[PDB]
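S.K.: Based on what follows, work out the 3D shape:
(one chain, ligands or ions: 6)
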Amino acid sequence: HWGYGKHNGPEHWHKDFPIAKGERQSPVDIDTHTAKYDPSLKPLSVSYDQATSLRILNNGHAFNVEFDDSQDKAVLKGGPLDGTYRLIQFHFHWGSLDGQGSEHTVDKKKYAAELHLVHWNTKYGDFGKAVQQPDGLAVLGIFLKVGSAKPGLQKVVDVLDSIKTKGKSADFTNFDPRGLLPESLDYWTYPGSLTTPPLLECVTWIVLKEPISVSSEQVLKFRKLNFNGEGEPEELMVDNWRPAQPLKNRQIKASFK
Ligand SMILES: COc1ccc(S(N)(=O)=O)cc1
Ligand SMILES: COc1ccc(S(N)(=O)=O)cc1
Ligand SMILES: OC[C@H]1O[C@@H](O)[C@H](O)[C@@H](O)[C@@H]1O
Ligand SMILES: OC[C@H]1O[C@@H](O)[C@H](O)[C@@H](O)[C@@H]1O
Ligand SMILES: OC[C@H]1O[C@H](O)[C@H](O)[C@@H](O)[C@@H]1O
Ligand SMILES: [Zn+2]
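M.R.: Numbering: from 1, shown residues only. Ligands and ions are numbered 1, 2, ... in the order given. Below you will find the coordinate block:
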């Protein structure tokens, strides 16, 4: 099965997912000097006040905090997006050490971790149909750097001991994802893909420029999770990030002048 190790990591994925070498793969390095301000971008609207979180799951690659997406409870609109995109889940990618962990990089800088808030375009009815479309998904990416603690992350941190191994889940109701945002919504945007198999080229990426700060203790608890299932030899869930992929025939646009 695909993973992040030497024998099943990103350099192997193309053998079962040939789109891994495609024209629109993610993540990418964001060259800030090359990225151009785009006056055609509309204001970005993150509308999470009615979000309904349900559950947190260790899926063997990361942990997903899942939302009720049966209605427009928590949506992303505006910016580069045409129409309404509905929040389905968020997850993170992180490193074994503070100096790596993000998927996107900024002028080749790697952050300690990266948060992905995943949304699907409601014109396509369901996530499964959305991932058949070139504008099916919008992922809001947020970098994490290590410094002061992020208070709105602590509830996530504290439940991780209950989902240590692959396949474990726990109730995770009444979690407010607004507490994971930075102050500014300045962003870069480009067309890309899922960063894990099946690597589908369906994503409008919106990557915020301002990182959030989390404490060393918070990210250390991410690193206590396990890739393995219960009873199996312990493999710490660390370095679950894909490196930057070729930009090819793309441009990164900036929301800010
Ligand atoms: C059993 O060994 C493997 C190795 C690689 C992969 S892949 N292509 O990364 O999904 C799958 C299985
Ligand atoms: C299968 O669903 C997904 C959704 C999102 C992502 S990512 N890591 O945000 O690009 C990967 C896989
Ligand atoms: O409990 C987390 C969040 O859930 C939402 O459905 C509520 O409308 C918010 O007021 C609350 O902060
Ligand atoms: O032909 C000029 C155009 O080139 C494109 O590649 C850029 O995205 C536009 O911002 C520019 O106006
Ligand atoms: O908000 C997410 C979770 O945070 C804490 O774990 C609370 O104890 C729990 O009730 C809640 O579901
Ligand atoms: Zn991701």
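
S.K.: Quick check: what element follows whatever helix or strand residue 64 lives in along the chain?
M.R.: Assigned by DSSP states H and E, residue 64 falls within strand 63-67. Tracing the chain past strand 63-67, the next element assigned as helix or strand by DSSP H and E is strand 75-78.

S.K.: Give me the helices and strands touching that following strand, please.
M.R.: strand 44-47, strand 85-94, strand 113-121 (3 or more C-beta pairs under 8 Å, 6 or more residues apart in numbering; DSSP states H and E). To be clear about C-beta, it is placed using only N, CA and C from the backbone, and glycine gets the same treatment.

S.K.: Tabulate those (JSON lines), appending mean neighbour count.
M.R.: As requested, the helices and strands packed on strand 75-78 are arranged in JSON lines below (neighbours: other C-beta atoms under 10 Å):
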{"stretch": "strand 44-47", "mean neighbour count": "17"}
{"stretch": "strand 85-94", "mean neighbour count": "24"}
{"stretch": "strand 113-121", "mean neighbour count": "25"}
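
S.K.: Please identify which of these is closest to ligand 1.
M.R.: Closest to ligand 1 of these is strand 85-94 (C-beta to the nearest ligand atom; 16.7 Å).

S.K.: packing partners for the closest one?
M.R.: Checking 3+ C-beta pairs under 8 Å, 6+ apart, strand 85-94 ends up next to strand 63-67, strand 75-78, strand 113-121, strand 137-146, helix 216-222.

S.K.: quick one: strands adjacent to that strand?
M.R.: If you go by DSSP bridges, strand 85-94 pairs up with strand 63-67 (antiparallel), strand 75-78 (antiparallel), strand 113-121 (antiparallel).

S.K.: Kindly export the second one (C-alpha atoms) in CSV.
M.R.: Just to be clear, that refers to strand 75-78. The C-alpha coordinates for strand 75-78 follow below in CSV (Å, rounded to 0.1, in the frame of the first residue of the first chain):
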residue,chain,number,x,y,z
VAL,A,75,-18.5,26.9,3.1
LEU,A,76,-15.7,28.6,1.1
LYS,A,77,-16.6,31.1,-1.7
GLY,A,78,-15.1,34.0,-3.5
